[PDB]
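Trainee: If you scroll down you'll find the structure; I have some questions about it.
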Amino acid sequence: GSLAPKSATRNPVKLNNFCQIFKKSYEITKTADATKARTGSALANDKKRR
Amino acid sequence: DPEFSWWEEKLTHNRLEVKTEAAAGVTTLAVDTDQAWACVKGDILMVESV
């Protein structure tokens, strides 16, 4: 024959993260582009590697 | 390519110089270095004049 008890409660936990910028670059001189060499064109191989 | 090459060839006589004096009746002659390689069996050589 007593009274009702006191109430209690809790809260969730917050989590977060960030976004990151990525960059990769390739470069070739115009003379080397026109120059014909074995192992194919240098620009395409550089693009593949990068 | 930025670097290019070509080949040229000259047509010349087969001229030999006798370094050592030889009298009539000598079957062996001495010439300048590596000059005798051009001649083979059957070639006709004639003494030249001014």
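In the structure tokens, each chain is lettered A, B, ... as it comes, each chain's residues begin at 1, and ligands are numbered from 1 in order of appearance.
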Which residues of chain A come within 10 Å of chain B, and what is each one's closest atom pair and distance in Å (one decimal), counting only C-alpha atoms, sorted by chain and residue number, as JSON lines?
Mentor:
```
{"residue": "A:31", "atom": "CA", "partner": "B:2", "partner_atom": "CA", "distance": 8.1}
{"residue": "A:32", "atom": "CA", "partner": "B:1", "partner_atom": "CA", "distance": 8.8}
{"residue": "A:34", "atom": "CA", "partner": "B:1", "partner_atom": "CA", "distance": 7.9}
{"residue": "A:35", "atom": "CA", "partner": "B:1", "partner_atom": "CA", "distance": 5.1}
{"residue": "A:36", "atom": "CA", "partner": "B:1", "partner_atom": "CA", "distance": 6.5}
{"residue": "A:37", "atom": "CA", "partner": "B:1", "partner_atom": "CA", "distance": 8.5}
```
Trainee: Kindly save the residues from that selection, with N, CA, C and O atoms included, as a PDB file, in the first residue's frame.
Mentor:
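Done, and the output landed in result33.pdb:
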```
ATOM      1  N   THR A  31      56.225  16.714 -76.420  1.00  0.00           N
ATOM      2  CA  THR A  31      57.209  16.062 -77.276  1.00  0.00           C
ATOM      3  C   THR A  31      57.233  14.558 -77.045  1.00  0.00           C
ATOM      4  O   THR A  31      57.245  13.776 -78.001  1.00  0.00           O
ATOM      5  N   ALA A  32      57.234  14.133 -75.779  1.00  0.00           N
ATOM      6  CA  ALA A  32      57.233  12.707 -75.483  1.00  0.00           C
ATOM      7  C   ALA A  32      55.951  12.039 -75.952  1.00  0.00           C
ATOM      8  O   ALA A  32      55.958  10.850 -76.286  1.00  0.00           O
ATOM      9  N   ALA A  34      54.321  12.812 -78.740  1.00  0.00           N
ATOM     10  CA  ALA A  34      54.467  12.593 -80.173  1.00  0.00           C
ATOM     11  C   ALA A  34      55.545  11.569 -80.494  1.00  0.00           C
ATOM     12  O   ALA A  34      55.481  10.918 -81.542  1.00  0.00           O
ATOM     13  N   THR A  35      56.536  11.415 -79.621  1.00  0.00           N
ATOM     14  CA  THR A  35      57.608  10.461 -79.865  1.00  0.00           C
ATOM     15  C   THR A  35      57.081   9.036 -79.794  1.00  0.00           C
ATOM     16  O   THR A  35      56.406   8.659 -78.834  1.00  0.00           O
ATOM     17  N   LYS A  36      57.396   8.242 -80.811  1.00  0.00           N
ATOM     18  CA  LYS A  36      56.993   6.846 -80.835  1.00  0.00           C
ATOM     19  C   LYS A  36      58.062   5.998 -80.162  1.00  0.00           C
ATOM     20  O   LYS A  36      59.248   6.105 -80.488  1.00  0.00           O
ATOM     21  N   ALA A  37      57.641   5.153 -79.228  1.00  0.00           N
ATOM     22  CA  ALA A  37      58.560   4.329 -78.463  1.00  0.00           C
ATOM     23  C   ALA A  37      58.009   2.919 -78.357  1.00  0.00           C
ATOM     24  O   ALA A  37      56.803   2.694 -78.483  1.00  0.00           O
TER      25      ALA A  37
END
```
Trainee: Compile the contact shell of residue 26 (chain A) as a list in words: residues with an atom at most 10 Å away, counting only C-alpha atoms, same-chain residues fewer than 2 positions apart removed.
Mentor: residues 24, 28, 43, 46, 47, 49 and 50 of chain A
Trainee: For the residues in that selection, give me N, CA, C and O atoms as a PDB file, in the first residue's frame.
Mentor:
```pdb
ATOM      1  N   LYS A  24      44.816  11.996 -57.544  1.00  0.00           N
ATOM      2  CA  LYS A  24      45.959  11.363 -58.188  1.00  0.00           C
ATOM      3  C   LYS A  24      46.133  11.975 -59.566  1.00  0.00           C
ATOM      4  O   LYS A  24      45.151  12.167 -60.282  1.00  0.00           O
ATOM      5  N   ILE A  28      52.775  14.436 -68.770  1.00  0.00           N
ATOM      6  CA  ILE A  28      53.706  14.072 -69.835  1.00  0.00           C
ATOM      7  C   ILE A  28      53.917  15.287 -70.726  1.00  0.00           C
ATOM      8  O   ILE A  28      53.002  16.086 -70.935  1.00  0.00           O
ATOM      9  N   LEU A  43      51.408   7.667 -72.276  1.00  0.00           N
ATOM     10  CA  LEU A  43      50.264   8.265 -71.597  1.00  0.00           C
ATOM     11  C   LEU A  43      49.305   7.204 -71.073  1.00  0.00           C
ATOM     12  O   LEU A  43      48.842   7.283 -69.928  1.00  0.00           O
ATOM     13  N   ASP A  46      50.851   5.341 -68.096  1.00  0.00           N
ATOM     14  CA  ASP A  46      50.812   6.192 -66.915  1.00  0.00           C
ATOM     15  C   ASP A  46      49.410   6.248 -66.329  1.00  0.00           C
ATOM     16  O   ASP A  46      49.239   6.203 -65.104  1.00  0.00           O
ATOM     17  N   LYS A  47      48.396   6.355 -67.187  1.00  0.00           N
ATOM     18  CA  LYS A  47      47.022   6.367 -66.696  1.00  0.00           C
ATOM     19  C   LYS A  47      46.693   5.078 -65.964  1.00  0.00           C
ATOM     20  O   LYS A  47      46.078   5.104 -64.892  1.00  0.00           O
ATOM     21  N   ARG A  49      48.792   2.984 -64.422  1.00  0.00           N
ATOM     22  CA  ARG A  49      49.509   2.947 -63.151  1.00  0.00           C
ATOM     23  C   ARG A  49      48.848   3.842 -62.112  1.00  0.00           C
ATOM     24  O   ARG A  49      48.591   3.413 -60.978  1.00  0.00           O
ATOM     25  N   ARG A  50      48.553   5.088 -62.481  1.00  0.00           N
ATOM     26  CA  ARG A  50      47.989   6.023 -61.516  1.00  0.00           C
ATOM     27  C   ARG A  50      46.582   5.625 -61.099  1.00  0.00           C
ATOM     28  O   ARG A  50      46.192   5.858 -59.950  1.00  0.00           O
TER      29      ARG A  50
END
```
Trainee: Residues within 9 Å of residue 16 (chain B), please, as a PyMOL selection string. Count only C-alpha atoms; anything in the same chain fewer than 3 positions from it doesn't count.
Mentor: chain B and resi 31-32+35-36
